[PDB]
Amino acid sequence: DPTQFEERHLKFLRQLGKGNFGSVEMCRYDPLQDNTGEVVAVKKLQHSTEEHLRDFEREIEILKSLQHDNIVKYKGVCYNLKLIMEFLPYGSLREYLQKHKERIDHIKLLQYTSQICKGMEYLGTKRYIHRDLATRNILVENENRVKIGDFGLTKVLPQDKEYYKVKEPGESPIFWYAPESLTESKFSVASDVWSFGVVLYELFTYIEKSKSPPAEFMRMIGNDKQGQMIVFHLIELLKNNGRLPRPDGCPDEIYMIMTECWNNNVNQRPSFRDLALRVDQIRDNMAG
Ligand SMILES: N#CCC(=O)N1CCC[C@@H](n2cnc3cnc4[nH]ccc4c32)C1
């Protein structure tokens with residue numbers, strides 16, 4: 001029923017991103033062919049396996065079930081299955097921050113952080129595990145609002161368990177992964193909290209390249225480090241309390257929140273509700 005979009009009326013404008021077996025394009029949906037249609041974002045499989053099709057169908061059903069100010073809006077589907085979403089004109093929070101860092105102060109990062117926590121808490125409410133929290137997957141709707149913007153790796157918890165075990169082919173964002181995701185392939189609300197700690201780290205480094213999680217972890221492990229052993233060495237590092245450093249300029253109270261997200265003890269990480277509470281309290285206090 002979703003105002004199904006006809007493919008012939010979708011006009012390609014440019015690519016927005018890639019995965020991951022996915023890609024997102026900016027298109028103009030122009031059914032009257034008079035150049036008055038709205039611009040939308042279109043996600044499609046970059047190589048349409050039938051297994052990837054199944055995952056994509058599931059991704060679509062997930063986004064469709066989500067309605068929240070901080071979750072990118074589902075608009076419909078076009079079928080060659082394509083997912084149609086609203087286009088957020090500021091693009092990803094990653095690129096936004098890279099290009100506007102002199103305009104975006106700490107209070108503003110905490111506003112975004114708070115919105116990300118609210119979005120994630122809403123997911124947890126549906127027993128959805130995001131599994132890929134990272135600033136390149138957060139979108140900027142306007143200067144005052146961000147949204148979680150991709151759900152390609154999102155899973156629903158089994159009914160009887162608080163974690164979902166999954167091992168995917170090819171490449172993982174290991175430098176955002178909780179220890180138990182690396183060692184046991186276990187993903188849970190708590191591993192999303194671990195990765196949220198890494199998102200907060202990213203925000204406060206202002207996406208400085210030499211400071212990215214991969215660069216810092218690689219540097220702590222040693223870049224004689226030869227790729228298969230990398231995960232093994234990363235595991236050992238985390239187990240011995242190796243951690244991303246406090247970013248330049250970051251207050252101790254904000255770093256403390258990161259470090260608490262990065263607890264090896266899965267059950268000792270903060271909830272997203274407590275995170276929002278704490279972040280909002282630091283905001284109110286930075287007011288004056
Ligand atoms: N496949 C895939 C990932 C991808 O292409 N991304 C990551 C998630 C955000 C994507 N993106 C980049 N700029 C965007 C603007 N609006 C968007 N609406 C939905 C997605 C979306 C936008 C890019």
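Just so you know, ligand 1 is whichever comes first in the structure, and atom 1 is the first atom listed for that ligand. Residues take their numbers from the sequence shown, with the count starting at 1. Below, all heavy atoms of this structure are taken into account, side chains as well, without hydrogens, waters or symmetry copies.
The cationic group of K186 lies under 6.0 Å from the six-membered ring centre of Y163 and within 45° of the ring axis, placing it in a cation-pi geometry.
Ring geometry, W262 versus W194: the interplanar angle falls from 30° to 60°, so the pair is classed tilted.
The residues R58 and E61 are annotated as not salt-bridged, no charged nitrogen and carboxylate oxygen being separated by less than 4.0 angstrom.
Here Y29 is tied into one hydrophobic group with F5, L10, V40, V42, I84, each link being a pair of ILVMFWY side chains closer than 4.5 Å.
Of the candidates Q98, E95, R94, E202, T135 forms a side-chain hydrogen bond (donor to acceptor under 3.5 Å, both in side chains) with just one, namely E202.
Of the inter-residue distances, the one linking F217 atom CZ with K225 atom NZ reads 15.0 Å to the nearest 0.5 angstrom.
Near ligand 1, residues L16, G17, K18, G19, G22, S23, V24, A41, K43, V72, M85, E86, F87, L88, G91, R136, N137, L139, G149, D150 come within 4.0 angstrom through at least one heavy atom.
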